[PDB]
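> For now just these chains, pulled out of the complex without moving them:
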Amino acid sequence: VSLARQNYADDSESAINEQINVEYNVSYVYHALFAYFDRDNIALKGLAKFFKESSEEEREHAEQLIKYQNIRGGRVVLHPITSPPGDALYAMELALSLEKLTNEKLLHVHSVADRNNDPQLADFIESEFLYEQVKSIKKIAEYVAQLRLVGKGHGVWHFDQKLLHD
């Protein structure tokens, strides 16, 4: 029985365990995308590194929530990480879709904290996660728009390049 735990509903503990699983699954899709654009036939190394670094940071998010689960006196429960599936534009639109899905799950986590009168968890989600999440979505939204604008071929390669020196 936890020594630290206080004002920490089992709903909140459970929502954090679910969000941990979301971050792992998104980290896995980003590793898939890295694995794709790193192909010899694709050779978009800018997108490969951006997706590779995006995968480290989703896993760092999972670590932060494990660390937060234990700070609060909850217990971490791990679930299966499901396998994931112009290509550049499609991948960015996929990445945008995933950040918004992560955002949507984080808002639900926030709602669980609101409804359980857990204000430190609510401020944790809104300070350490919700603020980066909207910055990430806008950044990826701009990537989507820039890939639409450069068009296929030379412009995609140029935008990849670019990512690689950034």
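Good, I have the coordinates. Numbers count the residues shown, from 1 in each chain, chains lettered A, B, ... in the order given.

> Quick check, residue A:92 in contact with residue A:144.
Yes: applying C-beta atoms under 8 Å, one finds residue A:92 in contact with residue A:144, separated by 4.8 Å. C-beta here means a position set from N, CA and C on the backbone, and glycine is covered the same way.

> more crowded one of those two?
residue A:92 (25 against 17; other C-beta atoms under 10 Å).

> helix or strand for that one, which one?
Per DSSP states H and E: residue A:92 is located in helix A:87-115.

> just checking, what packs against that helix?
helix A:10-37, helix A:45-71, helix A:119-124, helix A:130-150, helix A:154-163 (3 or more C-beta pairs under 8 Å, 6 or more residues apart in numbering; DSSP states H and E).

> hmm, try it at 6 Å
helix A:10-37, helix A:119-124, helix A:130-150 (3 or more C-beta pairs under 6 Å, 6 or more residues apart in numbering; DSSP states H and E).

> Redo these as TSV? Include distance to residue A:165.
Shown next, in TSV, are the helices and strands packed on helix A:87-115 (distance: least, C-beta to C-beta, whole Å):
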stretch	distance to residue A:165
helix A:10-37	16
helix A:119-124	35
helix A:130-150	15
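
> do you know which of these lies nearest residue A:81?
Closest of the helices and strands packed on helix A:87-115 to residue A:81 is helix A:10-37, at 4.8 Å (criterion: C-beta to C-beta).

> centre of the chain versus the closest one, how much separation?
Distance of helix A:10-37 from its chain centroid, counting by C-alpha atoms, centre = their mean, to the nearest Å, is 7 Å.

> Just the buried residues of that helix, please?
A:12-13, A:15-34, A:36-37 (16 or more other C-beta atoms under 10 Å).

> on that earlier part again, quick one: buried residues of the helix holding residue A:92?
A:88-89, A:91-96, A:98-99, A:102-103, A:105-106, A:109-110, A:112-113.

> Over to stretch A:139-149?
Quick answer for stretch A:139-149 (16+ other C-beta under 10 Å): A:140-141, A:143-144, A:146-147.

> now these in JSON lines, with distance to residue A:119?
Compiled in JSON lines, these are given as follows (distance: C-beta to C-beta, whole Å):
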{"residue": "A:140", "distance to residue A:119": "30"}
{"residue": "A:141", "distance to residue A:119": "31"}
{"residue": "A:143", "distance to residue A:119": "35"}
{"residue": "A:144", "distance to residue A:119": "35"}
{"residue": "A:146", "distance to residue A:119": "39"}
{"residue": "A:147", "distance to residue A:119": "40"}
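
> extra chain here, label it chain B:
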Amino acid sequence: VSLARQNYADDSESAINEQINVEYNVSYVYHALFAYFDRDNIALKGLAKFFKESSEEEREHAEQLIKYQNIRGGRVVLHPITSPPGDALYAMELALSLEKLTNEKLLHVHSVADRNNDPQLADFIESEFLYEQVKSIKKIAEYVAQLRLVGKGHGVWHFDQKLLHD
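Below is chain B, added to the chains above:
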């Protein structure tokens, strides 16, 4: 149609556009006050610079909210900046009155975020704006009190001096 926008009510988008207008209008009053105490006949250069620097920072606040409007996938709408109108004490009491008006508008913006279940905007307003706003009000309240205490003439000039080397 916005790629980024998510859980961002048109009320919230509209409140940010209104707050942008409040910051511009307050920035304009501070430039008026700077323009006044910079007069040859007034020569209160400490208050002129303090009001001049206060004008840059209100405009920086407007920029932050434009930047935030676009981060959230909203669209910036700009409205007219209306013309503004012991002198030292009166100007500080005017400045205090304006910080409290800005504060009151920011709380309404916060309420719009509360009512629309937009927690990142609420934490943005309370973290990036509401905390400086109460620090600014207290600082200006102390200026008001110090100008009351020094009295007219020599004490006003001394307090201006003071501001100038601060």
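
> once more on what packs on helix A:87-115, this time with chain B?
helix A:10-37, helix A:119-124, helix A:130-150 (3 or more C-beta pairs under 6 Å, 6 or more residues apart in numbering or on different chains; DSSP states H and E).

> Which of those helices sits closest to chain B?
Chain B lies closest to helix A:130-150 among those, at 3.8 Å (C-beta to the nearest C-beta).

> Spell out which parts of chain A neighbour chain B.
By C-beta under 6 Å from any C-beta of the partner chain, the residues of chain A that approach chain B are A:100, A:103, A:110, A:126, A:130, A:134, A:137-138, A:141, A:144.

> Make CSV out of the helices and strands packed on helix A:87-115 and add distance to residue B:6.
Shown next, in CSV, are these (distance: least, C-beta to C-beta, whole Å):
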stretch, distance to residue B:6
helix A:10-37, 15
helix A:119-124, 19
helix A:130-150, 7
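
> Those helices: which one's closest to residue B:165?
helix A:130-150 (37.1 Å).

> From the rest of the structure, what touches the closest one?
Helix A:130-150 is contacted by residues A:88-89, A:92-93, A:95-96, A:99, A:103, A:159, B:3-4, B:71, B:120 when judged by C-beta atoms under 6 Å, 6 or more residues apart in numbering or on different chains.

> Tell me how far that helix lies from the chain's centre.
13 Å.

> quick check: angle from that helix to helix A:87-115?
160 degrees (axes from the mean of the first three to the mean of the last three C-alpha atoms, to 10 degrees).

> now the most centrally placed residue in chain A: how far from residue A:75?
Note on chain A: the residue nearest the mean C-alpha position is residue A:58, at 4.6 Å, using C-alpha atoms, centre = their mean. Taking C-beta to C-beta, to the nearest Å as the measure, residue A:58 falls 22 Å from residue A:75.

> swap in residue A:150?
Taken as C-beta to C-beta, the span from residue A:150 to residue A:75 is 48 Å.

> what do you get for residue A:149?
For residue A:149, the distance to residue A:75 - C-beta to C-beta - is 48 Å.

> give me the number of residues near residue A:156?
21 (other C-beta atoms under 10 Å in any protein chain shown).

> can you pull the contacts of it?
With C-beta under 6 Å, 6+ apart, residue A:156 has these contacts: residue A:88.

> coming back round to it: looking only at neighbour counts, state which of residue A:150 and residue A:75 leads.
residue A:150 (19 against 12).

> one step back: among the helices and strands packed on helix A:87-115, which comes closest to residue B:84?
Going by C-beta to C-beta, the one of those nearest residue B:84 is helix A:130-150, 34.2 Å.

> then add chain C to what we have above:
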Amino acid sequence: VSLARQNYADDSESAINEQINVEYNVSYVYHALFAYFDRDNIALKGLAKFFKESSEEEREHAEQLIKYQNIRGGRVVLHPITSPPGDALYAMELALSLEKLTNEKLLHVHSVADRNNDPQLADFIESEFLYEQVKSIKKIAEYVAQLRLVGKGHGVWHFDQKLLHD
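Below is chain C, added to the chains above:
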């Protein structure tokens, strides 16, 4: 009644107050242009920063004229800053059009100084404003011409990336 005022006609004082209003209004349009290209869907961050910094420097022009109004012993009068309205080519042509109307207003101010036998104000406008104005117009004219040359899509994005690191 001003202690400093000497050979400073009410026409000149009035012309400076109008040019103050012009610089604020141009500063406001540049902030509008900043707010537009900073959109998630537009994502031309090079133009957003160029318009944002152009906005900063028009406001600094307004401050210099306030500072000059008070140096000359005149009195600053502030008027309302009215709200402003390929997108990249169109915005640069709008910006070229604003620099030229700013220039045209500056020459009228210069004429007012010529007619009121105010050689210091005439040399101020010539030295501190008319020389930058003519350099700014050429720079923006060059940007117009480069955006026509690069064409839509990939070339616009490339030119924008140039601005962003320039």
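
> Take the buried residues of helix A:87-115 again, chain C included.
A:88-89, A:91-96, A:98-100, A:102-103, A:105-107, A:109-110, A:112-113 (16 or more other C-beta atoms under 10 Å in any protein chain shown).

> tell me, which of these make contact with chain C?
Counting by C-beta under 6 Å from any C-beta, no member of the buried residues of helix A:87-115 reaches chain C.

> And for the closest residue to residue A:111 other than its chain neighbours, the neighbour number?
Excluding its sequence neighbours, the residue lying closest to residue A:111 (C-beta to C-beta, 6 or more residues apart in numbering or on different chains) is residue B:117, at 7.6 Å. Residue B:117 sits with 14 neighbouring residues when counted by other C-beta under 10 Å.

> With residue A:40 instead?
With other C-beta under 10 Å as criterion, residue A:40 counts 5.

> How about the secondary structure of it?
coil (DSSP: H, G, I helix; E, B strand; the rest coil).

> got a list of what it touches?
Counting by C-beta under 6 Å, 6+ apart, residue A:40 has no contacts.

> Distance check, it against residue A:48.
On the measure of C-beta to C-beta, residue A:40 and residue A:48 end up 11 Å apart.

> coming back round to it: so what angle separates the directions of the helix holding residue A:92 and helix A:45-71?
Going by the same axes, to 10 degrees, helix A:87-115 makes 10 degrees with helix A:45-71.

> Next one: the closest residue to residue A:65 other than its chain neighbours relative to residue A:68, how far apart?
Ranked by C-beta to C-beta, 6+ apart and with sequence neighbours excluded, the top spatial neighbour of residue A:65 is residue A:20, at 4.8 Å. As judged by C-beta to C-beta, residue A:20 and residue A:68 stand 9 Å apart.

> related to what we said a few turns ago, is it correct that the residue nearest to the centre of chain A is in contact with residue A:23?
Yes: the pair residue A:58 and residue A:23 passes the contact test of C-beta atoms under 6 Å, sitting 5.2 Å apart.

> joint contacts of these two?
Joint contacts of residue A:58 and residue A:23 (C-beta under 6 Å, 6+ apart) do not exist.

> Flag every residue of chain A that's near chain C.
A:138, A:141-142, A:145-146, A:149-151, A:155.

> can you list those residues in TSV and add distance to residue C:84?
Converted to TSV, the residues of chain A next to chain C look like this (distance: C-beta to C-beta, whole Å):
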residue	distance to residue C:84
A:138	23
A:141	24
A:142	23
A:145	23
A:146	25
A:149	24
A:150	29
A:151	31
A:155	31
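
> Between which two of those is the distance greatest?
Most distant of the residues of chain A next to chain C, by C-beta to C-beta, are A:138 and A:151, 22.3 Å apart.
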